[PDB]
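First comes the structure, then the notes that go with it.
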Amino acid sequence: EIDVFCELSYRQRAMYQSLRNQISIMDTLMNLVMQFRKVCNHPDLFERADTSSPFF
DNA sequence: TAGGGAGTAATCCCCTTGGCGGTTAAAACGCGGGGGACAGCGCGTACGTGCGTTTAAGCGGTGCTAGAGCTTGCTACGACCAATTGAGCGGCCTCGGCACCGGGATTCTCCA
């Protein structure tokens, strides 16, 4: 059994920390631990990156 | 303090919608002609209008008594529930009613 640690990429931690900011109001925690598990898997699960352009 | 509710996502059965293909039967298209729609016409009779008659509907009034509408008293009966079972539902089976076919017989139409 080999443990393989890797840190949250800058996009993931932008998701994770703004999500964790909800703990300043709630604590829904069982909802948050599923959103935290999504971003810990891939942020496209939480918000799919897609072709984008400036504000019109 | 603990139990069971709230949240959520994976798991897997059920089932309704949609497409493909053919093919085949019914809808679409054409056209002749017929006969039924419909306009135009004549008559006559049947219905609206008017006037004098009558008839009885409607309003004001009197008297009566039935019976609608309310109060009281009580017990009968249907709501209620715990215990018992058998009537009636869901699943499975099969055979016989009925349909669908084919071909020969009787009916009905339409033109002569």
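Computed from heavy atoms alone, side chains included, the values below leave out hydrogens, waters and symmetry copies. The sequence lines fix the lettering, A, B, ..., with proteins before strands; numbering per chain opens at 1.
Listed by residue number, the members of residues 37-50 of chain A with any heavy atom below 4.0 angstrom from DNA chain B are A/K38. Residues of residues 12-27 of chain A that place a heavy atom closer than 4.0 Å to DNA chain B do not occur.
For A/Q35, the side-chain hydrogen bond (donor to acceptor under 3.5 Å, both in side chains) partners are A/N31, not counting sequence neighbours. Qualifying side-chain hydrogen bond (donor to acceptor under 3.5 Å, both in side chains) partners for A/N41, counting only residues two or more places apart in sequence or in other chains: none. Listed by chain and residue number, A/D44 satisfy the salt bridge (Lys or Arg N to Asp or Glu O under 4.0 Å) test with A/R11 (two or more places apart in sequence, or in another chain).
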Distance-only criterion, 3.5 Å: show the donor-acceptor pairs between side-chain atoms of residues 2-10 of chain A and protein atoms not counting sequence neighbours.
none

Listing, residues 19-26 of chain A side-chain donor-acceptor contacts under 3.5 Å, not counting sequence neighbours, or none:
unit_1, atom_1, unit_2, atom_2, d
A/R20, NE, A/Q17, OE1, 2.9
A/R20, NH2, A/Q17, OE1, 3.2
A/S24, OG, A/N21, O, 2.6

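Summarising the geometry of A/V39 relative to A/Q12, their closest heavy-atom pair is O-NE2, 2.7 Å, with the distance given to 0.1 Å.
Contact footprint of chain A on DNA chain B: nucleotides with an atom under 4.0 Å from a non-hydrogen protein atom, first to last in 5' to 3' order, B/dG7 to B/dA9.
The salt bridge (charged side-chain N to carboxylate O under 4.0 Å, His left out) analysis of residues 27-40 of chain A, with sequence neighbours excluded, yields no pairs. Screening residues 46-56 of chain A for salt bridge (charged side-chain N to carboxylate O under 4.0 Å, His left out), with sequence neighbours left out, gives no hits. Every pair passing ring pair (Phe, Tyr, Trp, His ring centres under 6.0 Å) that includes a residue from residues 15-42 of chain A is listed here, sequence neighbours excluded: A/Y16-A/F36.
Base pairing in DNA chain B gives no stem of 3 or more Watson-Crick or G-U pairs under 3.5 Å.
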